[PDB]
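Here the structure is laid out as structure tokens; the discussion comes afterwards.
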Amino acid sequence: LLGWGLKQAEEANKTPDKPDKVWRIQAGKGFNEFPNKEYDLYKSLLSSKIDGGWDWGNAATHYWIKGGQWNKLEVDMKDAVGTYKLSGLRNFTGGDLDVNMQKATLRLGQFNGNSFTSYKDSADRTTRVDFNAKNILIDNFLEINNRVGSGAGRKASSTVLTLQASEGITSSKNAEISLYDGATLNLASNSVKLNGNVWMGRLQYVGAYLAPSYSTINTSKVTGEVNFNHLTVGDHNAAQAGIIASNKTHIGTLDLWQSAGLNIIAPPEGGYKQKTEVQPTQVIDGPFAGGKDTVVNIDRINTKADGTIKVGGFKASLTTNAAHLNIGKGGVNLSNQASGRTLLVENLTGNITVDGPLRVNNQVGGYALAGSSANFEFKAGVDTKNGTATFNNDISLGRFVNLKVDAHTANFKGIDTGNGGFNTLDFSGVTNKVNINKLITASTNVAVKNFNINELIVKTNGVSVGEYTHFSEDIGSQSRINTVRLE
Amino acid sequence: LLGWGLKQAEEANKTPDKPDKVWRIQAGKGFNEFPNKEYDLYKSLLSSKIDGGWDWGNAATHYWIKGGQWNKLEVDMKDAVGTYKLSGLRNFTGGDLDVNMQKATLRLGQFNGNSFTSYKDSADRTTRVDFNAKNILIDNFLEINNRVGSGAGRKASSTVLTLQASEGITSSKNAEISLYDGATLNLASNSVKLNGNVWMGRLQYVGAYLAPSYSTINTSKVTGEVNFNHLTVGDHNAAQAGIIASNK
């Protein structure tokens with residue numbers, strides 16, 4: 001019920017833990033003299049101070065450091081050369097690694113995945129697993145803060161995974177990163193390029209459809225080229241993911257759930273940076289404004305939608321503070337079940353530039369039933385009130401679909417509502433101008449205070465009555481239409 | 001049986017409390033760059049270190065700070081700009097806020113009221129809720145030291161609310177301030193003008209017609225123009241209110 005902005009700002013500034021028995025391992029001879037050897041990291045080095053096991057109560061396996069889950073382990077290589085791999089460390093509960101590998105390639109997957117989880121003690125600890133490799137090369141799935149077995153036993157608190165390459169963090173095609181309710185993920189390389197299905201927000205327990213399920217991917221340190229490929233937020237719940245980006249974020253296909261949010265956050269303008277017991281200062285940030293050169297290049301926004309029938313829709317949404325928000329040639333899809341699903345492509349302090357056709361149920365026409373009001377909704381520059389919402393591609397609306405745009409200046413290239421009807425084509429939030437190029441209406445509820453639609457076809461609507469183009473608010477004194485053409 | 005003059009002079013000079021776990025929150029980026037944004041203060045900022053709940057025994061809701069009602073919370077903005085609102089923090093038992101908002105307009109009501117209460121522990125603590133806004137703009141009802149639910153459960157000790165604007169503390173027409181048996185209210189702005197029904201002394205419990213029911217409004221610091229509109233003392237009992245005025 002907190003929302004993502006409180007929970008991230010609470011999880012950001014924490015002391016790590018108070019660990020007793022801080023184990024230390026230093027890799028000595030043999031490692032720093034074979035540059036191609038393809039070692040194994042668990043079996044040859046890490047298994048000295050990590051013991052396996054079984055958890056009585058929902059186990060498959062189990063791992064911790066030494067003498068319980070409250071013991072920090074350092075590994076201090078700093079000159080080991082080779083390629084190392086984990087390849088099967090599943091359900092690591094543990095706590096506080098930091099594998100320190102300069103000039104050493106890692107590989108977080110080979111024939112088997114990985115996992116990094118915590119346990120809900122009375123202290124509610126995090127795990128803070130770190131790596132400091134040269135390349136990372138995920139190459140098989142990695143799950144952060146998963147379910148250990150099946151539901152029962154001890155529950156799972158939050159965790160943090162930090163990956164700190166210095167040449168790149170790539171991924172294979174079938175390497176599904178999937179991070180859950182408490183999980184974060186820090187990346188600090190240059191040129192992150194995750195070619196696999198990143199999955200923020202996922203069903204941590206088998207029935208918990210009402211969990212909050214926050215998650216975070218903090219690519220703020222990436223001095224290179226952030227490049228996701230297939231982001232997928234939410235799974236049968238109201239997930240609120242978030243990405244703290246680095247002012248250039250090209251992602252590929254984005255698949256929101258029905259009621260799943262997203263908070264892509266660009267950096268600021270100049271870049272980042274008995275007895276009374278006084279807690280340390282918790283600095284907390286509201287929604288600020290991104291810099292001048294912040295771009296978020298999504299190229300397709302689908303929506304996965306099946307399930308219940310609620311009294312409204314579910315309002316899939318994404319929220320950005322970047323100075324631009326381009327949406328590529330894939331356009332916008334919106335799957336629509338019985339009630340009216342809703343999309344909110346909101347931008348706080350920037351622009352919006354859509355370059356694709358607005359689909360619904362994955363076609364351009366996309367009919368809907370009576371109560372199913374498929375509602376697109378765009379917000380360009382809410383908090384600065386000088387953001388345009390340009391659509392450089394010809395949109396087309398079918399039946400029971402309701403575009404609305406609340407921007408400063410909503411440019412267009414053509415709106416064709418002549419096929420379906422019952423279209424509430426709202427523009428009431430637009431401050432001054434709506435520069436539509438070619439409008440085709442059958443039975444529409446246009447609400448514009450000032451416009452110049454410089455071509456207007458008005459179709460008829462068959463044989464039914466009581467349906468008509470209806471401008472529903474004050475046209476003002478600056479309006480204009482350079483061509484009306486009834487048919 | 002003491003009378004008001006003893007009880008005010010006893011409640012005036014007290015050390016605040018001895019709180020362990022003095023939480024501190026500092027508002028960082030984002031707040032100090034939108035002069036018209038109309039934020040929310042509980043949900044966007046305060047709810048990190050205030051948890052809701054239910055009191056087993058006469059609840060509707062319940063609020064405290066963190067780990068019980070003996071934990072001080074500072075909020076240190078000092079440069080946040082906008083208009084903030086509480087709008088529904090009911091039956092706050094808690095203890096020891098001080099929301100410090102220079103150059104930030106507050107609003108203590110929007111579609112729902114507020115409340116600030118204590119609980120009669122064995123220590124008999126006050127709550128000392130403070131604000132340091134620029135305007136305050138009450139605009140819906142605010143009850144100080146109320147009854148939490150209905151009678152039973154834990155009882156309510158005294159409390160102090162301090163409002164410290166620097167441009168004025170106005171009020172809407174339907175904003176009934178009503179402070180009860182232990183409640184005080186310090187105002188330190190210039191030009192307090194409460195256009196609503198201020199109600200000193202009110203039935204704290206449903207049958208207690210023989211309670212003493214003292215109350216205090218201390219507008220001593222007001223360098224401007226104190227202006228009430230409709231003061232109403234006492235409700236079915238022998239209330240002894242008091243106002244420490246500022247010579248106009």
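By convention here, the chains of the structure tokens are called A, B, ... in the order presented, each chain's residues are numbered starting at 1, and ligands are numbered starting at 1 in the order presented.
Residues in contact with residue 243 of chain B at up to 8 Å, not including ones fewer than 6 positions away on its chain and judged by only C-alpha atoms, are residues 216, 217, 218 and 219 of chain B.
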Could you write out that same residue set with C-alpha atoms as a short mmCIF file (atom, residue, chain, number, x, y, z; two decimals), in the first residue's frame?
data_model
loop_
_atom_site.label_atom_id
_atom_site.label_comp_id
_atom_site.auth_asym_id
_atom_site.auth_seq_id
_atom_site.Cartn_x
_atom_site.Cartn_y
_atom_site.Cartn_z
CA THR B 216 -6.26 25.66 26.28
CA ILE B 217 -5.66 27.76 23.18
CA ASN B 218 -2.39 29.65 23.47
CA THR B 219 -2.31 32.40 20.86
#
I'd like the contact shell of residue 168 of chain B - 9 Å cut-off, only C-alpha atoms, skipping same-chain residues fewer than 6 positions apart - returned as an mmCIF file with N, CA, C and O atoms, in the first residue's frame.
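New file around01.cif:
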data_model
loop_
_atom_site.group_PDB
_atom_site.id
_atom_site.type_symbol
_atom_site.label_atom_id
_atom_site.label_comp_id
_atom_site.auth_asym_id
_atom_site.auth_seq_id
_atom_site.Cartn_x
_atom_site.Cartn_y
_atom_site.Cartn_z
ATOM 1 N N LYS B 134 3.974 27.499 6.159
ATOM 2 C CA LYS B 134 3.957 28.897 5.750
ATOM 3 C C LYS B 134 2.543 29.465 5.768
ATOM 4 O O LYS B 134 2.306 30.502 6.386
ATOM 5 N N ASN B 135 1.595 28.826 5.101
ATOM 6 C CA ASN B 135 0.183 28.938 5.429
ATOM 7 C C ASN B 135 -0.246 27.597 5.984
ATOM 8 O O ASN B 135 0.495 26.622 5.890
ATOM 9 N N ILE B 136 -1.438 27.515 6.567
ATOM 10 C CA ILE B 136 -1.887 26.268 7.173
ATOM 11 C C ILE B 136 -3.231 25.802 6.625
ATOM 12 O O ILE B 136 -3.354 24.648 6.207
ATOM 13 N N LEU B 137 -4.247 26.677 6.607
ATOM 14 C CA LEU B 137 -5.487 26.469 5.839
ATOM 15 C C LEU B 137 -6.228 25.192 6.256
ATOM 16 O O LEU B 137 -6.177 24.187 5.555
ATOM 17 N N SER B 189 1.571 32.109 14.406
ATOM 18 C CA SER B 189 1.657 32.790 13.125
ATOM 19 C C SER B 189 1.540 34.292 13.343
ATOM 20 O O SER B 189 1.770 34.790 14.444
ATOM 21 N N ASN B 190 1.257 35.035 12.287
ATOM 22 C CA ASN B 190 0.513 36.275 12.415
ATOM 23 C C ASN B 190 -0.830 36.117 11.716
ATOM 24 O O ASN B 190 -0.952 35.360 10.754
ATOM 25 N N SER B 191 -1.840 36.813 12.243
ATOM 26 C CA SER B 191 -3.203 36.882 11.707
ATOM 27 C C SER B 191 -3.865 35.501 11.631
ATOM 28 O O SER B 191 -4.178 34.986 10.564
ATOM 29 N N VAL B 192 -4.065 34.917 12.807
ATOM 30 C CA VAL B 192 -4.973 33.786 12.938
ATOM 31 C C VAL B 192 -6.390 34.273 12.685
ATOM 32 O O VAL B 192 -6.843 35.232 13.314
ATOM 33 N N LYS B 193 -7.108 33.616 11.778
ATOM 34 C CA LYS B 193 -8.522 33.940 11.581
ATOM 35 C C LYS B 193 -9.325 32.668 11.319
ATOM 36 O O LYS B 193 -9.511 32.234 10.183
ATOM 37 N N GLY B 224 -0.037 39.355 14.779
ATOM 38 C CA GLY B 224 -0.953 40.010 13.872
ATOM 39 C C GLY B 224 -2.309 40.310 14.466
ATOM 40 O O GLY B 224 -2.436 41.167 15.343
#
Would you list the contacts of segment 156-166 of chain B as a CSV table (one decimal) with N, CA and C atoms, in the first residue's frame, taking every protein, DNA or RNA residue within 8 Å and counting only C-alpha atoms, but skipping same-chain residues closer than 4 positions in sequence?
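File written: selection10.csv
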chain,number,residue,atom,x,y,z
B,116,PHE,N,-5.7,13.8,16.7
B,116,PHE,CA,-4.4,13.7,17.4
B,116,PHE,C,-4.7,13.4,18.8
B,117,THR,N,-4.4,12.2,19.3
B,117,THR,CA,-4.8,11.6,20.5
B,117,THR,C,-3.6,11.0,21.2
B,118,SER,N,-3.6,10.8,22.5
B,118,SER,CA,-2.6,9.9,23.2
B,118,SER,C,-3.3,8.8,23.8
B,119,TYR,N,-2.5,7.9,24.4
B,119,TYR,CA,-3.0,6.8,25.2
B,119,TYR,C,-2.4,6.8,26.6
B,120,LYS,N,-3.3,6.5,27.6
B,120,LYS,CA,-2.9,6.5,29.0
B,120,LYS,C,-2.1,5.3,29.3
B,124,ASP,N,2.1,8.2,31.2
B,124,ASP,CA,1.1,9.3,31.0
B,124,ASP,C,1.8,10.4,30.1
B,125,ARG,N,2.0,10.0,28.8
B,125,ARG,CA,2.8,10.8,27.9
B,125,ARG,C,1.9,11.7,27.1
B,126,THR,N,2.5,12.8,26.6
B,126,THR,CA,1.8,13.7,25.7
B,126,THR,C,2.3,13.4,24.3
B,127,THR,N,1.7,14.1,23.3
B,127,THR,CA,2.1,13.7,21.9
B,127,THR,C,2.9,14.8,21.2
B,128,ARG,N,2.6,16.1,21.5
B,128,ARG,CA,3.5,17.2,21.1
B,128,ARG,C,3.7,17.3,19.6
B,129,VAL,N,2.5,17.1,18.8
B,129,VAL,CA,2.5,17.2,17.4
B,129,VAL,C,2.8,18.6,16.9
B,130,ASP,N,3.8,18.8,16.1
B,130,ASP,CA,4.2,20.2,15.7
B,130,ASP,C,4.1,20.3,14.2
B,131,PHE,N,3.9,21.6,13.7
B,131,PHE,CA,4.0,21.9,12.3
B,131,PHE,C,4.7,23.3,12.2
B,132,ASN,N,5.3,23.5,11.1
B,132,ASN,CA,6.1,24.8,10.9
B,132,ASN,C,5.9,25.3,9.5
B,133,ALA,N,4.7,25.4,9.1
B,133,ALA,CA,4.4,25.6,7.7
B,133,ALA,C,4.5,27.1,7.3
B,134,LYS,N,4.0,27.5,6.2
B,134,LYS,CA,4.0,28.9,5.8
B,134,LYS,C,2.5,29.5,5.8
B,135,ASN,N,1.6,28.8,5.1
B,135,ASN,CA,0.2,28.9,5.4
B,135,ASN,C,-0.2,27.6,6.0
B,136,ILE,N,-1.4,27.5,6.6
B,136,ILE,CA,-1.9,26.3,7.2
B,136,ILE,C,-3.2,25.8,6.6
B,144,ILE,N,-8.6,17.3,18.7
B,144,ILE,CA,-7.4,17.1,19.4
B,144,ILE,C,-7.8,16.4,20.7
B,145,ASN,N,-7.1,15.3,21.0
B,145,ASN,CA,-7.4,14.4,22.1
B,145,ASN,C,-8.8,13.9,22.1
B,146,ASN,N,-9.2,13.1,21.1
B,146,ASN,CA,-10.5,12.7,21.0
B,146,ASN,C,-10.7,11.3,21.7
B,147,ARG,N,-11.9,10.7,21.6
B,147,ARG,CA,-12.1,9.3,21.9
B,147,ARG,C,-11.8,8.5,20.6
B,181,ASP,N,-10.6,17.2,26.8
B,181,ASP,CA,-10.1,17.3,28.2
B,181,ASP,C,-8.6,17.5,28.4
B,182,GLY,N,-7.8,17.0,27.5
B,182,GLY,CA,-6.3,17.2,27.8
B,182,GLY,C,-5.7,18.1,26.8
B,183,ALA,N,-6.5,18.5,25.8
B,183,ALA,CA,-5.9,19.1,24.6
B,183,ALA,C,-5.5,20.5,24.8
B,184,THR,N,-4.4,20.9,24.2
B,184,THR,CA,-4.0,22.3,24.1
B,184,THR,C,-3.8,22.6,22.6
B,185,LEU,N,-3.5,23.8,22.3
B,185,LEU,CA,-3.3,24.2,20.9
B,185,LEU,C,-2.5,25.5,20.9
B,186,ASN,N,-1.3,25.4,20.4
B,186,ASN,CA,-0.4,26.6,20.3
B,186,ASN,C,-0.5,27.2,18.9
B,187,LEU,N,-0.7,28.5,18.7
B,187,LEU,CA,-0.6,29.1,17.5
B,187,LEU,C,0.5,30.2,17.5
B,188,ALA,N,1.3,30.3,16.4
B,188,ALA,CA,2.4,31.1,16.5
B,188,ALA,C,2.6,31.9,15.2
B,189,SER,N,1.6,32.1,14.4
B,189,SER,CA,1.7,32.8,13.1
B,189,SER,C,1.5,34.3,13.3
B,190,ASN,N,1.3,35.0,12.3
B,190,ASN,CA,0.5,36.3,12.4
B,190,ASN,C,-0.8,36.1,11.7
Any idea what's packed within 7 Å of residue 405 of chain A, counting only C-alpha atoms, ignoring anything in its chain fewer than 3 positions away? Could you give it as a PyMOL selection string?
chain A and resi 377-379+426-427+429-430
Dump of N, CA, C and O atoms for the selected residues, as an mmCIF file, in the first residue's frame:
data_model
loop_
_atom_site.group_PDB
_atom_site.id
_atom_site.type_symbol
_atom_site.label_atom_id
_atom_site.label_comp_id
_atom_site.auth_asym_id
_atom_site.auth_seq_id
_atom_site.Cartn_x
_atom_site.Cartn_y
_atom_site.Cartn_z
ATOM 1 N N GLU A 377 -4.760 6.433 -23.034
ATOM 2 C CA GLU A 377 -4.645 7.645 -22.237
ATOM 3 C C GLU A 377 -3.192 8.070 -22.178
ATOM 4 O O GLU A 377 -2.334 7.288 -21.770
ATOM 5 N N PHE A 378 -2.926 9.308 -22.563
ATOM 6 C CA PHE A 378 -1.571 9.812 -22.689
ATOM 7 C C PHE A 378 -1.450 11.098 -21.898
ATOM 8 O O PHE A 378 -2.400 11.874 -21.821
ATOM 9 N N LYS A 379 -0.293 11.312 -21.287
ATOM 10 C CA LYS A 379 -0.056 12.470 -20.429
ATOM 11 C C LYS A 379 1.346 12.965 -20.745
ATOM 12 O O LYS A 379 2.326 12.307 -20.396
ATOM 13 N N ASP A 426 -11.555 12.323 -26.193
ATOM 14 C CA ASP A 426 -11.379 13.432 -25.266
ATOM 15 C C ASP A 426 -10.049 14.132 -25.512
ATOM 16 O O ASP A 426 -9.055 13.488 -25.843
ATOM 17 N N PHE A 427 -10.046 15.455 -25.376
ATOM 18 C CA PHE A 427 -8.825 16.248 -25.397
ATOM 19 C C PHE A 427 -8.904 17.391 -24.403
ATOM 20 O O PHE A 427 -8.288 18.436 -24.618
ATOM 21 N N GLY A 429 -7.825 17.951 -21.435
ATOM 22 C CA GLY A 429 -6.647 18.363 -20.703
ATOM 23 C C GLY A 429 -5.651 19.157 -21.514
ATOM 24 O O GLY A 429 -4.697 19.684 -20.931
ATOM 25 N N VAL A 430 -5.841 19.253 -22.830
ATOM 26 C CA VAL A 430 -4.876 19.935 -23.679
ATOM 27 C C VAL A 430 -4.943 21.430 -23.419
ATOM 28 O O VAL A 430 -6.028 22.025 -23.404
#
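Minimum distance to chain A across B:5, B:28, B:153, B:82 (counting only C-alpha atoms) occurs at B:28.
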Name all residues at most 7 Å from residue 408 of chain A (count only C-alpha atoms; drop same-chain ones fewer than 3 positions away) and give them as a VMD selection string.
chain A and resid 385 to 388 430 to 432
What does the structure give for the distance between atom CA of residue 442 of chain A and atom CA of residue 455 of chain A, in Å to one decimal?
15.0 Å
Output as a compact mmCIF listing (two decimals) with N, CA and C atoms, in the first residue's frame the set of chain A residues within 7 Å of chain B, with distances taken over only C-alpha atoms.
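Here's the written file result.txt:
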# COMPACT_ATOMS: atom_id res chain seq x y z
N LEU A 2 2.16 1.07 0.23
CA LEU A 2 3.09 2.19 0.25
C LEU A 2 3.30 2.80 -1.12
N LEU A 6 8.11 4.98 -2.10
CA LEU A 6 8.48 4.88 -0.69
C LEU A 6 9.36 3.67 -0.44
N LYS A 275 18.03 4.66 26.58
CA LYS A 275 18.70 5.82 26.02
C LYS A 275 18.08 6.14 24.66
N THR A 276 17.99 7.43 24.35
CA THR A 276 17.57 7.87 23.03
C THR A 276 18.58 7.45 21.99
N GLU A 277 18.10 6.73 20.98
CA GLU A 277 18.97 6.29 19.89
C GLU A 277 18.53 6.97 18.61
N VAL A 278 19.42 7.78 18.06
CA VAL A 278 19.11 8.62 16.91
C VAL A 278 19.34 7.79 15.65
N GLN A 279 18.28 7.56 14.90
CA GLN A 279 18.39 6.83 13.65
C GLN A 279 19.07 7.71 12.60
N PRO A 280 19.75 7.10 11.62
CA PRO A 280 20.38 7.91 10.58
C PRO A 280 19.36 8.49 9.62
N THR A 281 19.77 9.55 8.93
CA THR A 281 18.89 10.32 8.08
C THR A 281 18.48 9.52 6.85
N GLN A 282 17.17 9.43 6.63
CA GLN A 282 16.61 8.74 5.47
C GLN A 282 16.23 9.77 4.42
N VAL A 283 17.12 9.99 3.46
CA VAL A 283 16.83 10.93 2.37
C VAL A 283 15.84 10.25 1.44
N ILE A 284 14.82 10.99 1.02
CA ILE A 284 13.73 10.46 0.23
C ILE A 284 13.35 11.47 -0.84
N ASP A 285 13.11 10.98 -2.05
CA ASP A 285 12.96 11.81 -3.22
C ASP A 285 11.55 11.73 -3.78
N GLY A 286 11.01 12.88 -4.16
CA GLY A 286 9.75 12.93 -4.85
C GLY A 286 9.99 12.83 -6.34
N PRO A 287 8.93 12.94 -7.13
CA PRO A 287 9.10 12.83 -8.58
C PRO A 287 9.75 14.06 -9.19
N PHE A 288 11.02 13.95 -9.54
CA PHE A 288 11.77 15.09 -10.04
C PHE A 288 11.70 15.13 -11.56
N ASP A 383 3.65 17.82 -14.86
CA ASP A 383 4.09 18.68 -13.78
C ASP A 383 4.86 19.91 -14.24
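A straight line drawn from atom CA of residue 452 of chain A to atom CA of residue 399 of chain A is 24.9 Å long.
From atom CA of residue 423 of chain A back to atom CA of residue 371 of chain A, the distance works out to 12.7 Å.
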For residue 77 of chain B, which residue among B:104, B:6, B:97, B:148 is the nearest when counting only C-alpha atoms?
B:104
Please determine, counting only C-alpha atoms, which residue among A:396, A:125, A:40, A:69 has the shortest atom-to-atom distance to residue 107 of chain A.
A:40
Residues near residue 105 of chain A, cut-off 8 Å, only C-alpha atoms, skip fewer than 6 positions along chain, as a list in words:
residues 81, 82, 83, 84, 133, 134, 135 and 136 of chain A
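Proximity of B:167, B:176, B:139, B:10 to residue 229 of chain B, computed with only C-alpha atoms, is greatest for B:176.
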